[PDB]
């Protein structure tokens, strides 16, 4: 490929192990998960601390108005459930239907009593790419597995956009936020263009995303030129090669615990 993002990927792939570890978190915001990991290792159920690094990323978007979760939420590819627990804790959300393939080899939902947990219907063993869409007010999808080969990552990003098209066809007025793993690949730009033309939206980079991923989130609630957004992010990731900062350490998000009714 002949984009700045492809140059970034080639530089990332040619790093030595020491270069990679020195690069991946430079200037990156990172939640302190020492205590959360200790609770999860013990299998504590009564915890409101995030079950994954995903919760703070969705929170970062919600707190800024780049998404506003309400009504019936669907979480496609929920993994441990960090986005599902975040959504369940929002007073405006009435229910969460969370789907993930799970089992051995993939992350299974972590069963905790984080605030609103009882409003989540977790379904593991589910392939969301072959599942029929249903009613939703908000569609979330955090799917996109990293891979050294940007061709694979582009195909995975494209499949997620196609999945979002199917859910938005079912729910034309639903809000939608989804991960775009490799937004610089031309078939991905093309799919995002087609999505944005019909449904609106734009891309945003959360500060928790490491320099070792080009992931950006598409939200229908924001706007902005896709090509410029992607190239600006590529240039920033290229600039961070040789950045001498460490991570910017912040507390992990704590949603509190407890049920909620209606």
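Residue numbers count along the first chain shown, from 1.
*Asks:* With reference to the PDB entry, specify whether the mean Cα temperature factor is higher for 60 to 68 or for 231 to 239.
*Replies:* Mean C-alpha B-factor is greater for 60 to 68.
*Asks:* Identify the stretch, either 112 to 120 or 75 to 83, whose C-alpha atoms have the larger mean B-factor according to the entry.
*Replies:* Between 75 to 83 and 112 to 120, it is 112 to 120 that shows the higher mean C-alpha B-factor.
*Asks:* In the PDB entry, which of 216, 39, 226, 51 has its C-alpha at the highest B-factor?
*Replies:* That would be 39.
*Asks:* Among 165, 137, 155, 145, where is the Cα B factor highest in this entry?
*Replies:* Comparing C-alpha B-factors across 165, 137, 155, 145, the top value belongs to 137.
*Asks:* Could you say whether, by C-alpha temperature factor, residue 97 belongs to the lowest, middle or highest third of its chain?
*Replies:* Middle third.
*Asks:* Among all modelled residues of this chain, ranked by Cα B factor, put residue 198 in the bottom, middle or top third, i.e. lowest, middle or highest.
*Replies:* As the PDB entry reports it, the C-alpha B-factor of residue 198 lands in the middle third of its chain.
*Asks:* For the chain shown, is the CA B-factor of residue 126 in the lowest, middle or highest third of its modelled residues?
*Replies:* Its C-alpha B-factor belongs to the highest third of this chain's values.
*Asks:* Would the CA B-factor of residue 192 place it in the lowest, middle or highest third of its chain?
*Replies:* Lowest third.
*Asks:* By its CA B factor, does residue 222 count among the lowest, middle or highest third of the modelled residues in the chain?
*Replies:* Middle third - that is where residue 222 ends up once the chain's C-alpha B-factors are sorted.
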